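> Here's a structure for you.
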Amino acid sequence: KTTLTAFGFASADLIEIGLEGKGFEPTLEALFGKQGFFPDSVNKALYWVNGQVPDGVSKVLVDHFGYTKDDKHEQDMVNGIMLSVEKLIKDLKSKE
């Protein structure tokens with residue numbers, strides 16, 4: 001929002017766009033929470049996909065998505081991504 005006072009002492013809101021919403025936190029956590037889609041999905045993709053991102057990007061990825069070096073699951077790329085998808089689907093209707 002912005003209020004303009006350029007007509008002497010007469011004021012007038014030049015423009016205002018009002019955003020109102022609730023229930024964002026559950027989706028925020030289902031995307032980036034402990035069981036969120038992004039952390040597990042990125043971890044599985046990094047484990048099953050050859051090659052590592054530059055070290056600078058690697059630090060951020062480890063910090064945010066909790067990439068794990070070693071996994072004992074002979075489950076494949078498809079199941080690795082699909083576990084994250086499954087938990088996200090449960091996240092969707094398990095909350096607001």
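Numbering starts fresh at 1 for the residues of each chain in the structure tokens, the chains themselves are lettered A, B, ... in the order given, and ligands are numbered from 1 as they appear.
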Counting only C-alpha atoms, which residues of segment 9-54 of chain A sit at most 12 Å from some atom of segment 62-82 of chain A, and what is each one's closest atom pair with its distance in Å to one decimal, listed by chain and rising residue number, as CSV?


residue,atom,partner,partner_atom,distance
A:31,CA,A:65,CA,10.5
A:32,CA,A:65,CA,7.8
A:33,CA,A:65,CA,9.2
A:34,CA,A:65,CA,9.0
A:35,CA,A:65,CA,10.5
A:36,CA,A:65,CA,9.2
A:37,CA,A:81,CA,9.1
A:38,CA,A:65,CA,6.7
A:39,CA,A:65,CA,3.9
A:40,CA,A:65,CA,7.0
A:41,CA,A:81,CA,5.4
A:42,CA,A:65,CA,6.4
A:43,CA,A:67,CA,4.5
A:44,CA,A:80,CA,5.2
A:45,CA,A:77,CA,6.8
A:46,CA,A:67,CA,7.2
A:47,CA,A:69,CA,6.6
A:48,CA,A:77,CA,5.7
A:49,CA,A:77,CA,7.8
A:50,CA,A:77,CA,11.2
A:51,CA,A:69,CA,12.0
A:52,CA,A:69,CA,10.7
A:53,CA,A:62,CA,10.8
A:54,CA,A:62,CA,11.9

> As a PyMOL selection string, please: every residue in chain A that a backbone DSSP assignment puts in helix (DSSP H, G or I).

chain A and resi 24-32+37-48+55-65+76-93

> Could you find all residues in segment 2-61 of chain A that DSSP calls strand (DSSP E or B) from the backbone, and write them as a PyMOL selection string?

chain A and resi 2-7+10-15

> For residue 93 of chain A, list every protein, DNA or RNA residue within 12 Å, evaluated using only C-alpha atoms, and leave out those in the same chain fewer than 6 positions away; present the list as a PyMOL selection string.

chain A and resi 26-27+30+86-87

> May I have the selected residues written with C-alpha atoms, as a PDB file, in the first residue's frame?


ATOM      1  CA  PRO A  26       0.946 -26.519   7.209  1.00  0.00           C
ATOM      2  CA  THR A  27       1.763 -26.381   3.489  1.00  0.00           C
ATOM      3  CA  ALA A  30       4.734 -30.178   4.151  1.00  0.00           C
ATOM      4  CA  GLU A  86       3.576 -40.334  -1.064  1.00  0.00           C
ATOM      5  CA  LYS A  87       4.395 -38.499   2.156  1.00  0.00           C
TER       6      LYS A  87
END

> Would you mind reading off the distance between atom CA of residue 25 of chain A and atom CA of residue 92 of chain A, one decimal, in Å?

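Taking atom CA of residue 25 of chain A as the start and atom CA of residue 92 of chain A as the end point, the length is 12.1 Å.
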
> What is the atom CA of residue 18 of chain A-atom CA of residue 2 of chain A distance in Å, reported with one decimal?

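One can read the atom CA of residue 18 of chain A to atom CA of residue 2 of chain A distance as 11.5 Å.
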